[PDB]
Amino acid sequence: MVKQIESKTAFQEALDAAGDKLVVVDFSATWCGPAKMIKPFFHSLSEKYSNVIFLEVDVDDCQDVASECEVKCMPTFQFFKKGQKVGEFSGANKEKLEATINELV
């Protein structure tokens, strides 16, 4: 499953509630073609990779989370450990998605 982050406080709370586990964030938009396309796949991966925490931030609803994370396009995938960023790429590229996850767990 993928958890929806509605706030900057809920964002903080998610990063810290995660321990030393990988946290991947889908920075997404509801109107964005590529973003909608990759969503089911980000979900399917969240079900396979049960050891990794999967979050989604809608950049329209949470503009401040997006700007603090410096997101400039969608989908952008950011990777966290203990509240610190260890990877990032942009684009509805599922194979890059899975390969980055495998690379950072």
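Residue indices: 1-based, along the sequence shown.
Student: Hey, which bit's got the bigger mean C-alpha B factor in the entry, 60 to 68 or 26 to 34?
Tutor: Mean CA B-factor is higher for 60 to 68.
Student: Do the CA atoms of 17 to 25 or those of 85 to 93 have the higher mean B-factor in the entry?
Tutor: That would be 17 to 25.
Student: Among all modelled residues of this chain, ranked by Cα B factor, put residue 44 in the bottom, middle or top third, i.e. lowest, middle or highest.
Tutor: Tercile = lowest for this residue's CA B-factor.
Student: Among the modelled residues of this chain, does the Cα B factor of residue 76 put it in the lowest, middle or highest third?
Tutor: It falls in the bottom third of the chain.
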